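Asker: Here it is: the structure, laid out below.
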Amino acid sequence: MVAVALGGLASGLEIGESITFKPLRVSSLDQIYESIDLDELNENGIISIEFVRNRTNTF
Amino acid sequence: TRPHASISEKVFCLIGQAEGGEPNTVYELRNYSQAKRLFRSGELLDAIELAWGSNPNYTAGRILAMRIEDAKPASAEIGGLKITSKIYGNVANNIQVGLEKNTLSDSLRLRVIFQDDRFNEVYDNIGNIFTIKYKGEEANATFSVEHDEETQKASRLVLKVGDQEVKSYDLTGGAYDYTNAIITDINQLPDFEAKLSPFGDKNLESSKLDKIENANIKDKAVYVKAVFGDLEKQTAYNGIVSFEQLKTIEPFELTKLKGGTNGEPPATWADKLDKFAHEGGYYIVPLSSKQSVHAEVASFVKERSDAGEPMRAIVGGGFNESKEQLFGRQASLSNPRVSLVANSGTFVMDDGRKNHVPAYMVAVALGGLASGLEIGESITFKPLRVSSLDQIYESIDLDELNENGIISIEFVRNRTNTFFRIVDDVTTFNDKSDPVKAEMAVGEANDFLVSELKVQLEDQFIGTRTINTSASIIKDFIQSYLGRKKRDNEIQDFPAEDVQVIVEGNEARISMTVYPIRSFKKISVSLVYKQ
Amino acid sequence: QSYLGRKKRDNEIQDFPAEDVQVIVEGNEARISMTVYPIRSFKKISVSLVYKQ
Amino acid sequence: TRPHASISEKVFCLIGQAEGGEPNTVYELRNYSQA
Amino acid sequence: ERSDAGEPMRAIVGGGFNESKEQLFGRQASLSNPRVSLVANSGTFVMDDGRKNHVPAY
């Protein structure tokens, strides 16, 4: 269903506009992965999601 | 009378031996009434109120706390019910629960007792959902309720005059999901009547009715009971205790719950301390004592910062630990993002009791103060509001501690007043040549500024619109950002002309200079008398 | 070349060689080869912040 | 996290006793971090 | 019927004299549709008649 959400986002983007760094609007992610883990996933061609807590906001 | 009247961005973390509430789960705190509701006793309850009572002016913001224990709830299996306490720990054993029968109403009665809270409640008229009565002139009339023997859910309610069924209410599912439809339809029959129980809108799901057969109606208003569903209705969202049905429910004597446990002291902290890895706290102080805690916390903080999450820890060694011990702890703790507090003392507290306070709890107080300061504002010379300090140290001793990177507290008796002020915010990192590492406030400002610059660069450029975003544009964006920060006085000054960007392919390598806010620390006066 | 010019005007492509399109036709068949430069995305930045004074 | 953010025409020659890098090969320099 | 016909209307009702909760619940169950408000209490009105009226919940 996260892949469903990603497909709903990508279909809404402009043609040729990337989902790269776009917001996902997921509530909480059962995430094991940190920076090196994200590198391992992405280098293998596996899309990964990163939680970012900004100074005053979360996305 | 339902409508009535009755009568800081730097989030801070605490972890240690709390003696109340479910452990292994992070709690977000805003007021100590919430703390007493959950953390009944132990060092965490003191630590929270100390953080919010840290300073006359400053205070900690929302606190993230976890009880680190292997506690479990007291529980009992008796009658047809399994009884579990909501409280976690040894205290849960004091809870006593018992079922009785109210003979006047042919219904169950429940009582729960917990003397520590002075909590004592009775629940009454349990069961007795609705009555059925009959008025036809035939000799007799009866009803029956039957279950599905596998799920024990009610499947039919049947009304029988004499030997034969007049009508049956199919409770497996449909128009009769709720009992009120059954009441209305029984009332629709000319020869039958039904009336809801006067004791509240019981209004139970009809699948939770109980097995009854051949109850004679003509001379009696006979109650359908449905005791377990009424128990759930009256107690599911209430009380200290919860119930689960294994069997038949029957009265049992008032019984203590058993098995309430706190668990052993934990041998390791990583698998529980790592739960803070996304809670968003900046400062953390462990209430526990052992050096293994300091090592694991330092490793955790270092991993988080290497993962891009800024964190810093404040620590303090025991009671009256001389300089020789403190130096060994410092040598075992010399990485940055850990601050060592030398002193221990006493806190006047709202408990009335004068607490005897270890240096760990002094470090708690210092973390509560620092989280309340402005971003980049130093704890240097700020009041601590400690009552009395078990202090060996004088001026040269303070120099020895501070030069070693060990935070020290000095008692100062002014001409007419007394206060305790902390001399400096030096971190445990020894080498003073780089104040980002040596000094905590500079590091905090660096972490926040860097994180903001990271985010703004992400939004502006790692949106990946084009490679044509040449180096000069990146230079302009940098200079505008530093200009804004100078306008905000978040930085003292930056070279306008000495920012350079080189871009090749998808990569831009950037170098910049910033002048940090230069603090002013020392004064010496040579007073001379003449004439 | 007119099609690629239109697409450059629409910014659907970054650029194409104007002079390096070739066509060979024989009978009913035309074999065509062309080059197009895709939109080059920009992905990484590294900052070396230095404090002084 | 591979895509991420982390934190004059008169060309001039120098030759002499440097104490680093492979010798006997010319290097073209642009910034002293490279040096 | 009026509201289904597009005309907004609401009624206010109140049961008798000193009707206990058991009676009122039965009246409520017989009157549970919206646009009807049930008043529980009855009392007395000082009035310009001079007579103290004994006042039903109606």
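In the structure tokens, chains take letters A, B, ... by order of appearance, with residues numbered from 1 within each chain and ligands from 1 in the order shown.
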Show me, as number ranges by chain, the residues that have an atom within 12 Å of residue B:480 when counting only C-alpha atoms, minus same-chain residues fewer than 6 positions from it.

Answerer: B: 453, 456, 473-474, 486-487, 494, 496, 499

Asker: With a distance threshold of 10 Å and counting only C-alpha atoms, extract the residues of chain A near chain C and express them as a list in words.

Answerer: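 The complete set of qualifying residues is residues 15, 16, 18 and 20 of chain A.
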
Asker: Would you mind reading off the distance between atom CA of residue B:201 and atom CA of residue B:239, one decimal, in Å?

Answerer: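 Spanning atom CA of residue B:201 to atom CA of residue B:239 is a straight-line distance of 19.5 Å.
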
Asker: Could you name the residues that touch residue B:196 at 12 Å or less, counting only C-alpha atoms, but leaving out those on the same chain fewer than 6 positions away, as a ChimeraX atom specification?

Answerer: /B:127-133,179-184,186-187,202-204,221-225 /E:22-23,25-26,29

Asker: Write a file of the selected residues as a PDB file, in the first residue's frame, keeping N, CA and C atoms.

Answerer:
ATOM      1  N   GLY B 127     -25.531  -7.557  34.240  1.00  0.00           N
ATOM      2  CA  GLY B 127     -26.485  -8.385  33.536  1.00  0.00           C
ATOM      3  C   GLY B 127     -27.849  -7.728  33.577  1.00  0.00           C
ATOM      4  N   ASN B 128     -28.906  -8.537  33.493  1.00  0.00           N
ATOM      5  CA  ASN B 128     -30.292  -8.069  33.503  1.00  0.00           C
ATOM      6  C   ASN B 128     -30.519  -7.015  32.416  1.00  0.00           C
ATOM      7  N   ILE B 129     -30.432  -7.473  31.166  1.00  0.00           N
ATOM      8  CA  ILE B 129     -30.504  -6.539  30.044  1.00  0.00           C
ATOM      9  C   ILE B 129     -31.940  -6.072  29.816  1.00  0.00           C
ATOM     10  N   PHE B 130     -32.892  -7.000  29.731  1.00  0.00           N
ATOM     11  CA  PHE B 130     -34.279  -6.609  29.502  1.00  0.00           C
ATOM     12  C   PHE B 130     -35.200  -7.733  29.950  1.00  0.00           C
ATOM     13  N   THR B 131     -36.429  -7.354  30.293  1.00  0.00           N
ATOM     14  CA  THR B 131     -37.437  -8.282  30.783  1.00  0.00           C
ATOM     15  C   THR B 131     -38.419  -8.626  29.671  1.00  0.00           C
ATOM     16  N   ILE B 132     -39.002  -9.821  29.767  1.00  0.00           N
ATOM     17  CA  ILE B 132     -40.054 -10.277  28.868  1.00  0.00           C
ATOM     18  C   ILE B 132     -41.263 -10.634  29.724  1.00  0.00           C
ATOM     19  N   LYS B 133     -42.450 -10.236  29.264  1.00  0.00           N
ATOM     20  CA  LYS B 133     -43.699 -10.563  29.934  1.00  0.00           C
ATOM     21  C   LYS B 133     -44.730 -10.957  28.883  1.00  0.00           C
ATOM     22  N   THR B 179     -30.133  -5.448  20.593  1.00  0.00           N
ATOM     23  CA  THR B 179     -31.255  -5.969  21.357  1.00  0.00           C
ATOM     24  C   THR B 179     -32.474  -5.058  21.306  1.00  0.00           C
ATOM     25  N   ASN B 180     -32.284  -3.757  21.078  1.00  0.00           N
ATOM     26  CA  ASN B 180     -33.421  -2.841  21.098  1.00  0.00           C
ATOM     27  C   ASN B 180     -34.426  -3.186  20.009  1.00  0.00           C
ATOM     28  N   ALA B 181     -33.943  -3.671  18.865  1.00  0.00           N
ATOM     29  CA  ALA B 181     -34.853  -4.165  17.837  1.00  0.00           C
ATOM     30  C   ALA B 181     -35.660  -5.353  18.339  1.00  0.00           C
ATOM     31  N   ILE B 182     -35.045  -6.206  19.161  1.00  0.00           N
ATOM     32  CA  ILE B 182     -35.782  -7.335  19.721  1.00  0.00           C
ATOM     33  C   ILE B 182     -36.860  -6.826  20.665  1.00  0.00           C
ATOM     34  N   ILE B 183     -36.527  -5.828  21.486  1.00  0.00           N
ATOM     35  CA  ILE B 183     -37.505  -5.270  22.416  1.00  0.00           C
ATOM     36  C   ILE B 183     -38.690  -4.703  21.644  1.00  0.00           C
ATOM     37  N   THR B 184     -38.406  -3.915  20.604  1.00  0.00           N
ATOM     38  CA  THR B 184     -39.472  -3.302  19.819  1.00  0.00           C
ATOM     39  C   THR B 184     -40.356  -4.355  19.166  1.00  0.00           C
ATOM     40  N   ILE B 186     -40.776  -7.582  20.040  1.00  0.00           N
ATOM     41  CA  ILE B 186     -41.567  -8.293  21.040  1.00  0.00           C
ATOM     42  C   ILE B 186     -42.763  -7.438  21.439  1.00  0.00           C
ATOM     43  N   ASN B 187     -42.536  -6.139  21.639  1.00  0.00           N
ATOM     44  CA  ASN B 187     -43.627  -5.235  21.976  1.00  0.00           C
ATOM     45  C   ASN B 187     -44.652  -5.152  20.852  1.00  0.00           C
ATOM     46  N   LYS B 202     -28.467  -0.343  28.574  1.00  0.00           N
ATOM     47  CA  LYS B 202     -27.602  -1.508  28.431  1.00  0.00           C
ATOM     48  C   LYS B 202     -27.362  -1.838  26.960  1.00  0.00           C
ATOM     49  N   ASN B 203     -28.440  -1.980  26.179  1.00  0.00           N
ATOM     50  CA  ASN B 203     -28.423  -1.875  24.710  1.00  0.00           C
ATOM     51  C   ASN B 203     -27.339  -2.741  24.068  1.00  0.00           C
ATOM     52  N   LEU B 204     -27.172  -3.947  24.596  1.00  0.00           N
ATOM     53  CA  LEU B 204     -26.075  -4.811  24.193  1.00  0.00           C
ATOM     54  C   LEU B 204     -26.316  -5.426  22.820  1.00  0.00           C
ATOM     55  N   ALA B 221     -41.978 -11.287  35.044  1.00  0.00           N
ATOM     56  CA  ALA B 221     -41.114 -10.493  34.174  1.00  0.00           C
ATOM     57  C   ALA B 221     -39.715 -11.092  34.272  1.00  0.00           C
ATOM     58  N   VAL B 222     -39.362 -11.944  33.310  1.00  0.00           N
ATOM     59  CA  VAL B 222     -38.137 -12.736  33.379  1.00  0.00           C
ATOM     60  C   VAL B 222     -37.041 -11.988  32.636  1.00  0.00           C
ATOM     61  N   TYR B 223     -35.870 -11.874  33.267  1.00  0.00           N
ATOM     62  CA  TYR B 223     -34.754 -11.135  32.706  1.00  0.00           C
ATOM     63  C   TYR B 223     -33.913 -12.030  31.808  1.00  0.00           C
ATOM     64  N   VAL B 224     -33.598 -11.534  30.617  1.00  0.00           N
ATOM     65  CA  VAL B 224     -32.415 -11.984  29.900  1.00  0.00           C
ATOM     66  C   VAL B 224     -31.231 -11.336  30.598  1.00  0.00           C
ATOM     67  N   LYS B 225     -30.142 -12.086  30.764  1.00  0.00           N
ATOM     68  CA  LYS B 225     -29.040 -11.649  31.611  1.00  0.00           C
ATOM     69  C   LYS B 225     -27.884 -11.057  30.811  1.00  0.00           C
TER      70      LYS B 225
ATOM     71  N   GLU E  22     -37.389   6.299  34.501  1.00  0.00           N
ATOM     72  CA  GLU E  22     -37.878   5.113  33.809  1.00  0.00           C
ATOM     73  C   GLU E  22     -38.990   5.461  32.831  1.00  0.00           C
ATOM     74  N   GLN E  23     -39.916   6.331  33.239  1.00  0.00           N
ATOM     75  CA  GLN E  23     -40.954   6.773  32.317  1.00  0.00           C
ATOM     76  C   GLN E  23     -40.345   7.565  31.170  1.00  0.00           C
ATOM     77  N   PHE E  25     -37.414   7.544  29.855  1.00  0.00           N
ATOM     78  CA  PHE E  25     -36.691   6.726  28.891  1.00  0.00           C
ATOM     79  C   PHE E  25     -37.657   6.056  27.922  1.00  0.00           C
ATOM     80  N   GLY E  26     -38.788   5.558  28.426  1.00  0.00           N
ATOM     81  CA  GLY E  26     -39.779   4.975  27.536  1.00  0.00           C
ATOM     82  C   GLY E  26     -40.355   5.978  26.555  1.00  0.00           C
ATOM     83  N   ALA E  29     -37.636   6.569  23.966  1.00  0.00           N
ATOM     84  CA  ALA E  29     -37.584   5.469  23.012  1.00  0.00           C
ATOM     85  C   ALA E  29     -38.757   5.515  22.043  1.00  0.00           C
TER      86      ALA E  29
END

Asker: Kindly assemble as a tab-separated table a list of the chain A residues that lie within 8 Å of stretch 1-6 of chain D, each paired with its nearest atom pair and their distance in Å to one decimal, using only C-alpha atoms, sorted first by chain and then by ascending residue number.

Answerer:
residue	atom	partner	partner_atom	distance
A:35	CA	D:1	CA	6.1
A:36	CA	D:1	CA	7.7
A:38	CA	D:1	CA	5.1
A:39	CA	D:1	CA	4.9
A:42	CA	D:1	CA	6.6
A:43	CA	D:2	CA	7.5

Asker: For those residues, write N, CA and C atoms to a file as a compact mmCIF listing (two decimals), in the first residue's frame.

Answerer:
# COMPACT_ATOMS: atom_id res chain seq x y z
N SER A 35 21.40 5.83 7.22
CA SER A 35 22.04 6.33 6.00
C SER A 35 22.75 5.23 5.23
N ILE A 36 23.59 4.43 5.91
CA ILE A 36 24.30 3.37 5.20
C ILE A 36 23.31 2.32 4.70
N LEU A 38 20.24 2.95 3.83
CA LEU A 38 19.60 3.54 2.66
C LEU A 38 20.51 3.42 1.44
N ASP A 39 21.81 3.63 1.63
CA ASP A 39 22.75 3.46 0.52
C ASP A 39 22.72 2.04 0.00
N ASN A 42 19.38 1.58 -1.95
CA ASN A 42 19.26 2.34 -3.19
C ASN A 42 20.27 1.87 -4.23
N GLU A 43 21.48 1.51 -3.80
CA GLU A 43 22.46 0.99 -4.75
C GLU A 43 21.98 -0.32 -5.35

Asker: So that I can see what lies close to stretch 298-314 of chain B, please list as a ChimeraX atom specification the residues with an atom at most 8 Å from it, counting only C-alpha atoms and leaving out residues fewer than 3 positions away in the same chain.

Answerer: /A:34-35 /B:270,273-274,277,281-285,294-295,333,335,337-341,363-364,366-367,447

Asker: Counting only C-alpha atoms, which residues from chain C have an atom at most 9 Å from any atom of chain D, and could you show them as a PyMOL selection string?

Answerer: chain C and resi 42-49

Asker: For the selection just defined, write its residues with N, CA, C and O atoms to a file, as a PDB file, in the first residue's frame.

Answerer:
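Result went into out.pdb, see below:
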ATOM      1  N   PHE C  42      20.474  16.903 -11.225  1.00  0.00           N
ATOM      2  CA  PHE C  42      21.525  17.364 -10.319  1.00  0.00           C
ATOM      3  C   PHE C  42      21.197  16.899  -8.906  1.00  0.00           C
ATOM      4  O   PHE C  42      20.197  17.344  -8.331  1.00  0.00           O
ATOM      5  N   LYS C  43      22.087  16.099  -8.305  1.00  0.00           N
ATOM      6  CA  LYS C  43      21.687  15.228  -7.204  1.00  0.00           C
ATOM      7  C   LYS C  43      22.427  15.448  -5.885  1.00  0.00           C
ATOM      8  O   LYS C  43      21.795  15.354  -4.827  1.00  0.00           O
ATOM      9  N   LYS C  44      23.717  15.788  -5.917  1.00  0.00           N
ATOM     10  CA  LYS C  44      24.559  15.763  -4.725  1.00  0.00           C
ATOM     11  C   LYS C  44      25.180  17.128  -4.463  1.00  0.00           C
ATOM     12  O   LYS C  44      25.530  17.855  -5.397  1.00  0.00           O
ATOM     13  N   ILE C  45      25.314  17.464  -3.177  1.00  0.00           N
ATOM     14  CA  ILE C  45      26.037  18.649  -2.722  1.00  0.00           C
ATOM     15  C   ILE C  45      26.789  18.265  -1.455  1.00  0.00           C
ATOM     16  O   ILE C  45      26.289  17.474  -0.648  1.00  0.00           O
ATOM     17  N   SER C  46      27.995  18.812  -1.284  1.00  0.00           N
ATOM     18  CA  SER C  46      28.753  18.668  -0.047  1.00  0.00           C
ATOM     19  C   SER C  46      29.335  20.023   0.333  1.00  0.00           C
ATOM     20  O   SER C  46      29.917  20.708  -0.515  1.00  0.00           O
ATOM     21  N   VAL C  47      29.170  20.409   1.600  1.00  0.00           N
ATOM     22  CA  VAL C  47      29.594  21.706   2.116  1.00  0.00           C
ATOM     23  C   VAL C  47      30.669  21.456   3.166  1.00  0.00           C
ATOM     24  O   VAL C  47      30.488  20.609   4.048  1.00  0.00           O
ATOM     25  N   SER C  48      31.776  22.193   3.077  1.00  0.00           N
ATOM     26  CA  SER C  48      32.836  22.157   4.086  1.00  0.00           C
ATOM     27  C   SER C  48      32.832  23.496   4.823  1.00  0.00           C
ATOM     28  O   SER C  48      33.564  24.422   4.468  1.00  0.00           O
ATOM     29  N   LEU C  49      31.975  23.599   5.836  1.00  0.00           N
ATOM     30  CA  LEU C  49      31.874  24.824   6.617  1.00  0.00           C
ATOM     31  C   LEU C  49      33.089  24.950   7.528  1.00  0.00           C
ATOM     32  O   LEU C  49      33.472  23.987   8.201  1.00  0.00           O
TER      33      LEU C  49
END

Asker: Taking only C-alpha atoms into account, which residues of chain B are within 10 Å of chain A, as a VMD selection string?

Answerer: chain B and resid 9 to 10 278 to 280 303 to 304 306 to 309 448 to 449 451 to 452 455 458 to 459 462 to 465

Asker: I need the strand (DSSP E or B) residues of chain C per DSSP on the backbone, written as a ChimeraX atom specification.

Answerer: /C:15,22-26,29-33,37,44-51

Asker: Output N, CA, C and O atoms for every residue in that selection, as a JSON list (two decimals), in the first residue's frame.

Answerer:
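Now in out-v7.json:
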[["chain", "number", "residue", "atom", "x", "y", "z"],
["C", 15, "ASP", "N", 18.80, 19.06, -25.41],
["C", 15, "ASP", "CA", 19.44, 19.48, -26.65],
["C", 15, "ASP", "C", 19.64, 18.24, -27.52],
["C", 15, "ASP", "O", 19.60, 17.11, -27.02],
["C", 22, "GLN", "N", 21.48, 11.20, -39.34],
["C", 22, "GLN", "CA", 21.71, 10.56, -40.62],
["C", 22, "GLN", "C", 20.56, 9.62, -40.95],
["C", 22, "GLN", "O", 20.02, 8.95, -40.07],
["C", 23, "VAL", "N", 20.19, 9.58, -42.23],
["C", 23, "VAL", "CA", 19.14, 8.70, -42.74],
["C", 23, "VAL", "C", 19.69, 7.98, -43.96],
["C", 23, "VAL", "O", 20.33, 8.60, -44.81],
["C", 24, "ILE", "N", 19.43, 6.68, -44.03],
["C", 24, "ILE", "CA", 19.70, 5.87, -45.22],
["C", 24, "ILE", "C", 18.39, 5.20, -45.60],
["C", 24, "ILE", "O", 17.72, 4.62, -44.73],
["C", 25, "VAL", "N", 18.02, 5.29, -46.87],
["C", 25, "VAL", "CA", 16.77, 4.73, -47.36],
["C", 25, "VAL", "C", 17.12, 3.79, -48.51],
["C", 25, "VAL", "O", 18.01, 4.11, -49.31],
["C", 26, "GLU", "N", 16.48, 2.62, -48.55],
["C", 26, "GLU", "CA", 16.62, 1.68, -49.66],
["C", 26, "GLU", "C", 15.30, 0.97, -49.85],
["C", 26, "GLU", "O", 14.78, 0.36, -48.91],
["C", 29, "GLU", "N", 12.22, 0.88, -47.19],
["C", 29, "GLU", "CA", 12.71, 0.90, -45.82],
["C", 29, "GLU", "C", 13.67, 2.08, -45.64],
["C", 29, "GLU", "O", 14.51, 2.34, -46.49],
["C", 30, "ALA", "N", 13.51, 2.78, -44.51],
["C", 30, "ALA", "CA", 14.45, 3.82, -44.09],
["C", 30, "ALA", "C", 15.00, 3.46, -42.72],
["C", 30, "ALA", "O", 14.24, 3.24, -41.77],
["C", 31, "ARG", "N", 16.33, 3.40, -42.62],
["C", 31, "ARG", "CA", 17.02, 3.14, -41.36],
["C", 31, "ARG", "C", 17.57, 4.46, -40.83],
["C", 31, "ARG", "O", 18.35, 5.13, -41.51],
["C", 32, "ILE", "N", 17.18, 4.81, -39.61],
["C", 32, "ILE", "CA", 17.42, 6.13, -39.05],
["C", 32, "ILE", "C", 18.20, 5.95, -37.75],
["C", 32, "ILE", "O", 17.96, 5.01, -36.99],
["C", 33, "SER", "N", 19.15, 6.86, -37.52],
["C", 33, "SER", "CA", 19.88, 6.94, -36.26],
["C", 33, "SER", "C", 19.95, 8.40, -35.85],
["C", 33, "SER", "O", 20.17, 9.28, -36.69],
["C", 37, "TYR", "N", 20.28, 14.49, -26.12],
["C", 37, "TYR", "CA", 20.85, 14.68, -24.79],
["C", 37, "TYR", "C", 19.73, 14.73, -23.75],
["C", 37, "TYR", "O", 18.94, 15.69, -23.76],
["C", 44, "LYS", "N", 23.72, 15.79, -5.92],
["C", 44, "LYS", "CA", 24.56, 15.76, -4.73],
["C", 44, "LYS", "C", 25.18, 17.13, -4.46],
["C", 44, "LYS", "O", 25.53, 17.85, -5.40],
["C", 45, "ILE", "N", 25.31, 17.46, -3.18],
["C", 45, "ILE", "CA", 26.04, 18.65, -2.72],
["C", 45, "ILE", "C", 26.79, 18.27, -1.45],
["C", 45, "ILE", "O", 26.29, 17.47, -0.65],
["C", 46, "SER", "N", 28.00, 18.81, -1.28],
["C", 46, "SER", "CA", 28.75, 18.67, -0.05],
["C", 46, "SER", "C", 29.34, 20.02, 0.33],
["C", 46, "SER", "O", 29.92, 20.71, -0.51],
["C", 47, "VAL", "N", 29.17, 20.41, 1.60],
["C", 47, "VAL", "CA", 29.59, 21.71, 2.12],
["C", 47, "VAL", "C", 30.67, 21.46, 3.17],
["C", 47, "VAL", "O", 30.49, 20.61, 4.05],
["C", 48, "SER", "N", 31.78, 22.19, 3.08],
["C", 48, "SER", "CA", 32.84, 22.16, 4.09],
["C", 48, "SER", "C", 32.83, 23.50, 4.82],
["C", 48, "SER", "O", 33.56, 24.42, 4.47],
["C", 49, "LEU", "N", 31.98, 23.60, 5.84],
["C", 49, "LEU", "CA", 31.87, 24.82, 6.62],
["C", 49, "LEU", "C", 33.09, 24.95, 7.53],
["C", 49, "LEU", "O", 33.47, 23.99, 8.20],
["C", 50, "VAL", "N", 33.69, 26.14, 7.55],
["C", 50, "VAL", "CA", 34.88, 26.43, 8.34],
["C", 50, "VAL", "C", 34.57, 27.63, 9.22],
["C", 50, "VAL", "O", 34.05, 28.64, 8.74],
["C", 51, "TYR", "N", 34.89, 27.52, 10.51],
["C", 51, "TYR", "CA", 34.76, 28.62, 11.45],
["C", 51, "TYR", "C", 36.12, 29.27, 11.66],
["C", 51, "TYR", "O", 37.14, 28.57, 11.73]]

Asker: So which residues of chain A fall under alpha helix (DSSP H) by DSSP, listed as JSON, numbers by chain?

Answerer: {"A": [2, 3, 4, 5, 6, 7, 8, 9, 10, 11, 12, 35, 36, 37, 38, 39, 40, 41, 42, 43]}

Asker: At a cut-off of 10 Å, using only C-alpha atoms, what residues contact stretch 32-46 of chain E? Leave out same-chain residues fewer than 3 positions from it and give the result as number ranges by chain.

Answerer: E: 3, 8-21, 24-29, 49-58

Asker: Tell me, as a list in words, which residues lie within 12 Å of residue B:324, counting only C-alpha atoms; anything in the same chain fewer than 2 positions away does not count.

Answerer: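 Within the cut-off, the hits are residues 317, 320, 321, 322, 326, 327, 328, 329, 330, 331, 342, 397, 400, 401 and 404 of chain B.
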